[PDB]
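Visitor: To start, I am sharing the structure in question, which I have written as structure tokens.
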Amino acid sequence: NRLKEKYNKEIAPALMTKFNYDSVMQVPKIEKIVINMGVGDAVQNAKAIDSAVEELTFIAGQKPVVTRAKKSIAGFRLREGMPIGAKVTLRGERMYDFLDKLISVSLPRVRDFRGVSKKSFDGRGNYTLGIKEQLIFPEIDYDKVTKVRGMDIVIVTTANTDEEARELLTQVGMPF
Amino acid sequence: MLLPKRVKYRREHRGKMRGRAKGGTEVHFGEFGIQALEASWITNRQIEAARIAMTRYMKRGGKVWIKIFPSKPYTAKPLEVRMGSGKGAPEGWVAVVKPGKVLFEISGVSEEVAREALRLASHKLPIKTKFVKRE
Amino acid sequence: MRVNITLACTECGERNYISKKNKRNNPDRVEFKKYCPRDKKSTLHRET
Amino acid sequence: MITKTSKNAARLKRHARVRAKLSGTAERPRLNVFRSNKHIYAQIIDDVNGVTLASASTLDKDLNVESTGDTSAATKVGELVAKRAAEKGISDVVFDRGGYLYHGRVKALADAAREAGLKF
Amino acid sequence: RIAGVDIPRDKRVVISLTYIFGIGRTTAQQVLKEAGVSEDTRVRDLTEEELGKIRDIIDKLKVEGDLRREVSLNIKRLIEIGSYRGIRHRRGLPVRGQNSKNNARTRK
Amino acid sequence: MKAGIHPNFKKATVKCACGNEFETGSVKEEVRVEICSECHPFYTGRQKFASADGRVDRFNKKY
RNA sequence: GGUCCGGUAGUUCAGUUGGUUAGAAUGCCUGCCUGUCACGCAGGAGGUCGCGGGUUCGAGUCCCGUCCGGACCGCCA
RNA sequence: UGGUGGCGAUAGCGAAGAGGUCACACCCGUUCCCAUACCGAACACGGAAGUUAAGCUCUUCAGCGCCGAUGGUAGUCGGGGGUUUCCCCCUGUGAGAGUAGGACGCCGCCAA
RNA sequence: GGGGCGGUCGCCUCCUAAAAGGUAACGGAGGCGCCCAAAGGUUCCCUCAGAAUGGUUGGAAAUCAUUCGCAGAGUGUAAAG
RNA sequence: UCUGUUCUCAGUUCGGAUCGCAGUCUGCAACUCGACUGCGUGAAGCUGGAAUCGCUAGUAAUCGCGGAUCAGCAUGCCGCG
């Protein structure tokens, strides 16, 4: 919200001038911020996913969906039909409300921090985070936490190449 | 001794031979080649013997090309048995060679020695042959 | 295993339909709604 | 950018799916709908000869409203196309949603046609 | 909490703060003495200003996120300098200098 | 949204120990972040002022 | 030449059926015991399943072929 | 220019370039209809801030894909020979991977 | 392709099969003696397998995000359509 | 040892091993190869299988204190309470 208004006011004009897009609305934009959860279950502990779901709901703004595994694999003893992982999508005002928490408090609150992954990009503007702890905002009832597994986080943009997204994330406020 | 490392079936019809070869009728990789002017079968032992008769004589002169593969197996019932009651086991691989097919080709070697060496090897094959060279 | 069964009804005793079923999957006495001929309408058919 | 398929492109597949089952013959023509962002179109089509019979639209040259695309416009255009069928009266048609979902302005149009008396 | 890590919430302050990798008993007692925190209090009941003004002091000393990496690059220096001390570190045998014949079991 | 399943989400003010204020919405209502983006060492542009960092390889016997 | 069996720790046999776990004696190793050895008492490691191919989420244990041996038959003039 | 049909992709895929007052489409926000096995991108909902960027519509091209007889042959119906697992002659018949080239659209009906 | 012994005896898929159908052999390859209260009926909506790249616990593969991708994937099971 | 304050049963304020940093002493000399000290660190260990040892009261069990060896080097030995 705050960020978004700022996105309308300062970010889009600045980088539109910096790249010379003839059409203004061609400017890159964050499309979605999506969360994935994965629990080594195959089932290892049936309560693991049944805990991760309603901790991730607090972490995000709304309930996730339990991911239905695609195909069976005996390497992990993962039979097809035993649920693993959970997903929640975020967009609209919610994605900016989420990025707000992240950039302002979460990354600086990591057990240790330096500049985020230098070349985590995929190649076409998408970009991913691997954060190991659930310490995202400090008011989680953090004493509840038994397992320490953090989040897999993907930010998806309308960028067509890595350079523009790299530049955009700067004034969005991500360190590198 | 060219084994096909695998095959879809280990038994199939003997088939028939009619007309010229479908492809590979002229030299394509070597300076000179050898051609067969009637239809017949050709087996691992034949190609192996001819190959050795070629290369061991030619020594360091160059390289020899083989355009043949005995993908076809052929069966034979066990010795001393009444015929019938199931196709016999397979014990050899064979390559169909219609007339016009060029079998072997030589590269990087003088003309006369290739001529006489191909003549030498031809006696290993059971088939009337004709010397042939690239256009 | 699949075992034969004949269907029955409470609206009227006369019932005729047959079917197959798995004991493991349906241990309970199953119900279907079907057209009884002699009652000349649709009714709820149990099994015997 | 993220490969977003055209909305009309997605709609065309559904429209072809539904069209596969039915079409409007002589004395049993087919109604059709376009649910454009800014306008609503209606058409009475005879498949076999490949020509329309009568049509109606929000941007028709009379009876306009500031809606021109909302449910009120759908009702008005529906009764309009009902009259446009009436003068060369057909009295029956096979409905065919334009690969849409029968809940909204399409329902308003269908209700208008029915109450006007085009027996589906 | 105190510096990127937790602390037990129901222990005396002097002992409890020692849990962060980088300060032991003596360092903790001297720094809490400099702070004036009474040297004995369950960390549950303490005030916000005193918390904050004990944060900055320990931040201006090196703590786990930096000492861990620094000790590692120090042993790295010993490793690739080619020292005898370095190769003992590499192989995992005692480095301070001990008779490896009999005990030597604290390592390996 | 399907009413009820999601937790109550609402405006949630943010207060850091430095006093920095931020206009957030959250499942919660008030959060006490100890250190914020305006304070954390790497986050201070480049260690502007939240720092204690010196590094040398030295060799000095002159006393 | 045909039909049927099997092939597992270094040796001998279970499992080999339970498709989703490799086990029991002996041997071997360390220690104790004895003056020494042997018994004996504590502990411990092992094979990853004759070979190759295939089905299956998963093969030791299912189906094929190859090697190995073992059982039976190979008769009428 | 939109809508909606028939035609074998000679209509496709690519590479470039033009358009938008109107039409279309992106867009704006979920207030109530409806919905996201999580969500207003998607479903629907009610507007019209700005944009031809994309879609869509037009101009160009043989790079790919596609279509394509002419004479050849291989095969082959029916006759006739031969030293006959296979070859050859005569009346026809006629392969396809190859080029001659066609093509980067043609026909409609309702609304401009 | 004498008997005995061995093997087989019904049904389903393909090739042998000679561009309709049919067509044998102790000819060449497989399967069936079920299963499914939904794996049926209907309305409505989409779209695959594999690969590359980023992502931790987590690799060759678990679960994510982008792109390519006429069908390689699926279709209860054995082959063909 | 006695007195008093805290700790409240944990691999813990037990245990202190091993480690990097910074020093002191002696000796020409402390890398192989001393001891001691300030930091940081904090390991295994939560009463030890089969077996086995010393001890008849100032003994065993604990607690320290000296001394030969000699610049420094003692958990050993000798002796004392």
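Note on naming: chains are A, B, ... as they come in the structure tokens, residues start from 1 per chain, ligands start from 1 in the order shown.
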Name the residues in contact with residue D:88 at a cut-off of 12 Å, using only C-alpha atoms (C1' of nucleotides), excluding same-chain residues fewer than 6 positions from it; report them as a list in words.
Guide: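 Returned residues: residues 27, 44, 53, 54, 81 and 82 of chain D.
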Visitor: The selected residues should be written to file as an mmCIF file, in the first residue's frame (atoms: N, CA, C and O atoms).
Guide:
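Listed below is the output, result_38.cif:
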data_model
loop_
_atom_site.group_PDB
_atom_site.id
_atom_site.type_symbol
_atom_site.label_atom_id
_atom_site.label_comp_id
_atom_site.auth_asym_id
_atom_site.auth_seq_id
_atom_site.Cartn_x
_atom_site.Cartn_y
_atom_site.Cartn_z
ATOM 1 N N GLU D 27 -36.202 -22.776 -39.514
ATOM 2 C CA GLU D 27 -37.306 -22.823 -38.551
ATOM 3 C C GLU D 27 -36.891 -23.312 -37.161
ATOM 4 O O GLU D 27 -37.754 -23.662 -36.350
ATOM 5 N N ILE D 44 -29.460 -13.730 -34.472
ATOM 6 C CA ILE D 44 -30.248 -14.907 -34.820
ATOM 7 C C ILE D 44 -29.671 -15.440 -36.123
ATOM 8 O O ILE D 44 -29.705 -14.751 -37.150
ATOM 9 N N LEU D 53 -30.404 -13.733 -39.553
ATOM 10 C CA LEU D 53 -31.780 -13.311 -39.784
ATOM 11 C C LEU D 53 -32.047 -11.923 -39.220
ATOM 12 O O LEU D 53 -32.477 -11.027 -39.949
ATOM 13 N N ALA D 54 -31.793 -11.727 -37.930
ATOM 14 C CA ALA D 54 -31.905 -10.414 -37.321
ATOM 15 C C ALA D 54 -30.959 -10.355 -36.133
ATOM 16 O O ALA D 54 -30.564 -11.384 -35.581
ATOM 17 N N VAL D 81 -34.441 -7.769 -29.694
ATOM 18 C CA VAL D 81 -34.201 -8.837 -30.661
ATOM 19 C C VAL D 81 -35.439 -9.711 -30.749
ATOM 20 O O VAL D 81 -35.707 -10.322 -31.789
ATOM 21 N N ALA D 82 -36.206 -9.799 -29.662
ATOM 22 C CA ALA D 82 -37.472 -10.517 -29.726
ATOM 23 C C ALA D 82 -38.392 -9.897 -30.768
ATOM 24 O O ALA D 82 -38.981 -10.606 -31.590
#
Visitor: Tell me, which residues of chain B carry DSSP alpha helix (DSSP H), written as number ranges by chain?
Guide: B: 44-58, 111-122
Visitor: Excluding residue E:97 and residues on its chain fewer than 5 positions from it, collect all residues at most 12 Å away from it, counting only C-alpha atoms (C1' of nucleotides), and give them as a PyMOL selection string.
Guide: (chain E and resi 84-85+88-89+104) or (chain J and resi 18-19+30-34)
Visitor: Given the selection you just returned, output its residues as a file containing N, CA, C and O atoms (P, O5', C5', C4', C3', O3' and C1' of nucleotides), formatted as a PDB file, in the first residue's frame.
Guide:
ATOM      1  N   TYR E  84      52.750 -26.394   9.705  1.00  0.00           N
ATOM      2  CA  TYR E  84      52.588 -27.651  10.425  1.00  0.00           C
ATOM      3  C   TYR E  84      51.336 -27.605  11.285  1.00  0.00           C
ATOM      4  O   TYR E  84      50.557 -28.564  11.323  1.00  0.00           O
ATOM      5  N   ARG E  85      51.134 -26.493  11.990  1.00  0.00           N
ATOM      6  CA  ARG E  85      49.890 -26.281  12.715  1.00  0.00           C
ATOM      7  C   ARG E  85      48.697 -26.420  11.780  1.00  0.00           C
ATOM      8  O   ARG E  85      47.687 -27.054  12.122  1.00  0.00           O
ATOM      9  N   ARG E  88      48.116 -30.089  10.787  1.00  0.00           N
ATOM     10  CA  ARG E  88      47.510 -30.784  11.917  1.00  0.00           C
ATOM     11  C   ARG E  88      46.026 -30.462  12.014  1.00  0.00           C
ATOM     12  O   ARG E  88      45.204 -31.357  12.245  1.00  0.00           O
ATOM     13  N   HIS E  89      45.660 -29.192  11.823  1.00  0.00           N
ATOM     14  CA  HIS E  89      44.243 -28.841  11.777  1.00  0.00           C
ATOM     15  C   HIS E  89      43.535 -29.588  10.653  1.00  0.00           C
ATOM     16  O   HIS E  89      42.434 -30.120  10.836  1.00  0.00           O
ATOM     17  N   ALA E 104      44.621 -38.832  22.415  1.00  0.00           N
ATOM     18  CA  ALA E 104      44.307 -38.221  21.126  1.00  0.00           C
ATOM     19  C   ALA E 104      42.846 -38.346  20.688  1.00  0.00           C
ATOM     20  O   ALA E 104      42.549 -38.149  19.505  1.00  0.00           O
TER      21      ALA E 104
ATOM     22  P     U J  18      43.040 -30.472  26.560  1.00  0.00           P
ATOM     23  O5'   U J  18      42.567 -30.202  25.065  1.00  0.00           O
ATOM     24  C5'   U J  18      42.520 -31.260  24.124  1.00  0.00           C
ATOM     25  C4'   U J  18      41.787 -30.859  22.870  1.00  0.00           C
ATOM     26  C3'   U J  18      42.237 -29.565  22.215  1.00  0.00           C
ATOM     27  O3'   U J  18      43.423 -29.738  21.451  1.00  0.00           O
ATOM     28  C1'   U J  18      39.876 -29.609  22.350  1.00  0.00           C
ATOM     29  P     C J  19      43.670 -28.964  20.065  1.00  0.00           P
ATOM     30  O5'   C J  19      43.235 -27.463  20.349  1.00  0.00           O
ATOM     31  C5'   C J  19      43.474 -26.460  19.374  1.00  0.00           C
ATOM     32  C4'   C J  19      42.189 -25.888  18.839  1.00  0.00           C
ATOM     33  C3'   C J  19      42.125 -24.370  18.795  1.00  0.00           C
ATOM     34  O3'   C J  19      42.720 -23.834  17.629  1.00  0.00           O
ATOM     35  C1'   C J  19      40.198 -25.194  19.862  1.00  0.00           C
ATOM     36  P     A J  30      61.942 -18.457  22.140  1.00  0.00           P
ATOM     37  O5'   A J  30      61.291 -19.880  22.422  1.00  0.00           O
ATOM     38  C5'   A J  30      61.388 -20.916  21.452  1.00  0.00           C
ATOM     39  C4'   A J  30      60.275 -21.920  21.595  1.00  0.00           C
ATOM     40  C3'   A J  30      58.870 -21.327  21.589  1.00  0.00           C
ATOM     41  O3'   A J  30      57.970 -22.193  20.901  1.00  0.00           O
ATOM     42  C1'   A J  30      59.235 -22.489  23.619  1.00  0.00           C
ATOM     43  P     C J  31      57.597 -21.881  19.371  1.00  0.00           P
ATOM     44  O5'   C J  31      56.773 -23.156  18.887  1.00  0.00           O
ATOM     45  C5'   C J  31      55.705 -23.024  17.957  1.00  0.00           C
ATOM     46  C4'   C J  31      55.771 -24.069  16.870  1.00  0.00           C
ATOM     47  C3'   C J  31      56.187 -25.465  17.307  1.00  0.00           C
ATOM     48  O3'   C J  31      55.096 -26.206  17.816  1.00  0.00           O
ATOM     49  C1'   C J  31      57.367 -24.838  15.345  1.00  0.00           C
ATOM     50  P     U J  32      55.306 -27.212  19.043  1.00  0.00           P
ATOM     51  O5'   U J  32      56.074 -28.451  18.397  1.00  0.00           O
ATOM     52  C5'   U J  32      55.385 -29.368  17.560  1.00  0.00           C
ATOM     53  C4'   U J  32      56.324 -30.325  16.866  1.00  0.00           C
ATOM     54  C3'   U J  32      57.156 -31.225  17.766  1.00  0.00           C
ATOM     55  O3'   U J  32      56.434 -32.378  18.163  1.00  0.00           O
ATOM     56  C1'   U J  32      58.502 -30.314  16.020  1.00  0.00           C
ATOM     57  P     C J  33      56.247 -32.757  19.711  1.00  0.00           P
ATOM     58  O5'   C J  33      56.125 -31.355  20.450  1.00  0.00           O
ATOM     59  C5'   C J  33      55.849 -31.295  21.843  1.00  0.00           C
ATOM     60  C4'   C J  33      56.647 -30.215  22.522  1.00  0.00           C
ATOM     61  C3'   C J  33      56.505 -28.831  21.897  1.00  0.00           C
ATOM     62  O3'   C J  33      56.556 -27.833  22.911  1.00  0.00           O
ATOM     63  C1'   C J  33      58.768 -29.497  21.827  1.00  0.00           C
ATOM     64  P     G J  34      55.233 -27.471  23.741  1.00  0.00           P
ATOM     65  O5'   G J  34      55.768 -27.273  25.225  1.00  0.00           O
ATOM     66  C5'   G J  34      56.504 -28.298  25.872  1.00  0.00           C
ATOM     67  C4'   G J  34      56.760 -27.960  27.316  1.00  0.00           C
ATOM     68  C3'   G J  34      55.559 -27.447  28.094  1.00  0.00           C
ATOM     69  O3'   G J  34      54.719 -28.485  28.565  1.00  0.00           O
ATOM     70  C1'   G J  34      57.389 -26.017  28.469  1.00  0.00           C
TER      71        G J  34
END
Visitor: I'd like the neighbourhood of stretch 9-19 of chain G as a list in words, where a residue qualifies if any of its atoms comes within 7 Å (using only C-alpha atoms (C1' of nucleotides)), though same-chain residues fewer than 6 positions away should be ignored.
Guide: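 Selected residues are residues 46, 47, 59 and 61 of chain G.
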Visitor: DSSP on the backbone, strand (DSSP E) only: what residues of chain B does that give? Format it as a ChimeraX atom specification.
Guide: /B:32-36,40-43,63-66,72-75,90-97,102-107,129-133
Visitor: Would you pick out the contacts of residue I:49 at 9 Å or less, using only C-alpha atoms (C1' of nucleotides), so that residues sharing its chain but fewer than 5 positions from it are not included, and give the list as a VMD selection string?
Guide: chain I and resid 71 to 74
Visitor: Save out the residues we just selected, N, CA and C atoms (P, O5', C5', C4', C3', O3' and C1' of nucleotides), as a PDB file, in the first residue's frame.
Guide:
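Printed below is out.pdb as written:
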ATOM      1  P     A I  71       4.682 -34.688 -31.534  1.00  0.00           P
ATOM      2  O5'   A I  71       4.299 -35.677 -30.349  1.00  0.00           O
ATOM      3  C5'   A I  71       3.159 -36.522 -30.444  1.00  0.00           C
ATOM      4  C4'   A I  71       2.674 -36.954 -29.084  1.00  0.00           C
ATOM      5  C3'   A I  71       1.348 -37.713 -29.083  1.00  0.00           C
ATOM      6  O3'   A I  71       1.359 -38.720 -28.073  1.00  0.00           O
ATOM      7  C1'   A I  71       1.146 -35.774 -27.756  1.00  0.00           C
ATOM      8  P     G I  72       1.742 -40.237 -28.440  1.00  0.00           P
ATOM      9  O5'   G I  72       3.232 -40.380 -27.912  1.00  0.00           O
ATOM     10  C5'   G I  72       3.569 -39.969 -26.595  1.00  0.00           C
ATOM     11  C4'   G I  72       5.031 -40.184 -26.306  1.00  0.00           C
ATOM     12  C3'   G I  72       5.419 -40.040 -24.836  1.00  0.00           C
ATOM     13  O3'   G I  72       6.374 -41.030 -24.460  1.00  0.00           O
ATOM     14  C1'   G I  72       6.639 -38.482 -26.156  1.00  0.00           C
ATOM     15  P     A I  73       6.331 -41.706 -22.997  1.00  0.00           P
ATOM     16  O5'   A I  73       5.036 -41.102 -22.281  1.00  0.00           O
ATOM     17  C5'   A I  73       5.114 -39.876 -21.569  1.00  0.00           C
ATOM     18  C4'   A I  73       3.855 -39.547 -20.804  1.00  0.00           C
ATOM     19  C3'   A I  73       2.790 -40.623 -20.685  1.00  0.00           C
ATOM     20  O3'   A I  73       3.091 -41.621 -19.729  1.00  0.00           O
ATOM     21  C1'   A I  73       1.769 -38.545 -21.153  1.00  0.00           C
ATOM     22  P     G I  74       1.983 -42.723 -19.356  1.00  0.00           P
ATOM     23  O5'   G I  74       0.893 -41.917 -18.517  1.00  0.00           O
ATOM     24  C5'   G I  74      -0.310 -42.546 -18.102  1.00  0.00           C
ATOM     25  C4'   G I  74      -1.518 -41.669 -18.331  1.00  0.00           C
ATOM     26  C3'   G I  74      -2.805 -42.405 -18.664  1.00  0.00           C
ATOM     27  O3'   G I  74      -3.461 -42.879 -17.503  1.00  0.00           O
ATOM     28  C1'   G I  74      -2.506 -40.593 -20.164  1.00  0.00           C
TER      29        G I  74
END
Visitor: Got a sec: who's within 12 Å of residue G:72, counting only C-alpha atoms (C1' of nucleotides), leaving out chain neighbours fewer than 3 positions off, as a PyMOL selection string?
Guide: chain G and resi 2-5
Visitor: Write the selection just made, keeping N, CA, C and O atoms (P, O5', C5', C4', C3', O3' and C1' of nucleotides), as a PDB file, in the first residue's frame?
Guide:
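The resulting selection.pdb:
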ATOM      1  P     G G   2      16.599 -79.874 -25.274  1.00  0.00           P
ATOM      2  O5'   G G   2      15.232 -80.681 -25.194  1.00  0.00           O
ATOM      3  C5'   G G   2      14.140 -80.164 -24.454  1.00  0.00           C
ATOM      4  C4'   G G   2      13.262 -81.266 -23.926  1.00  0.00           C
ATOM      5  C3'   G G   2      12.661 -81.021 -22.553  1.00  0.00           C
ATOM      6  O3'   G G   2      11.505 -80.207 -22.611  1.00  0.00           O
ATOM      7  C1'   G G   2      13.580 -83.197 -22.638  1.00  0.00           C
ATOM      8  P     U G   3      11.400 -78.868 -21.731  1.00  0.00           P
ATOM      9  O5'   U G   3      10.808 -79.378 -20.347  1.00  0.00           O
ATOM     10  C5'   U G   3       9.570 -80.065 -20.309  1.00  0.00           C
ATOM     11  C4'   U G   3       9.373 -80.787 -19.002  1.00  0.00           C
ATOM     12  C3'   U G   3       9.676 -79.989 -17.747  1.00  0.00           C
ATOM     13  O3'   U G   3       8.636 -79.099 -17.390  1.00  0.00           O
ATOM     14  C1'   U G   3      10.664 -82.120 -17.573  1.00  0.00           C
ATOM     15  P     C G   4       8.980 -77.730 -16.626  1.00  0.00           P
ATOM     16  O5'   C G   4       9.446 -78.211 -15.183  1.00  0.00           O
ATOM     17  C5'   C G   4       8.568 -78.964 -14.361  1.00  0.00           C
ATOM     18  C4'   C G   4       9.252 -79.455 -13.110  1.00  0.00           C
ATOM     19  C3'   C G   4       9.981 -78.404 -12.294  1.00  0.00           C
ATOM     20  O3'   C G   4       9.104 -77.633 -11.494  1.00  0.00           O
ATOM     21  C1'   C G   4      11.330 -80.341 -12.490  1.00  0.00           C
ATOM     22  P     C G   5       9.661 -76.372 -10.674  1.00  0.00           P
ATOM     23  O5'   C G   5      10.414 -77.030  -9.437  1.00  0.00           O
ATOM     24  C5'   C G   5      11.201 -76.239  -8.562  1.00  0.00           C
ATOM     25  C4'   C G   5      12.281 -77.053  -7.898  1.00  0.00           C
ATOM     26  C3'   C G   5      13.469 -76.259  -7.383  1.00  0.00           C
ATOM     27  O3'   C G   5      13.235 -75.685  -6.111  1.00  0.00           O
ATOM     28  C1'   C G   5      14.239 -78.136  -8.602  1.00  0.00           C
TER      29        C G   5
END
Visitor: Excluding same-chain residues fewer than 3 positions from stretch 22-30 of chain A, what lies within 7 Å of it counting only C-alpha atoms (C1' of nucleotides), as a list in words?
Guide: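 Within the cut-off, the hits are residues 12, 16, 156, 157, 158 and 159 of chain A; 51 and 53 of chain H.
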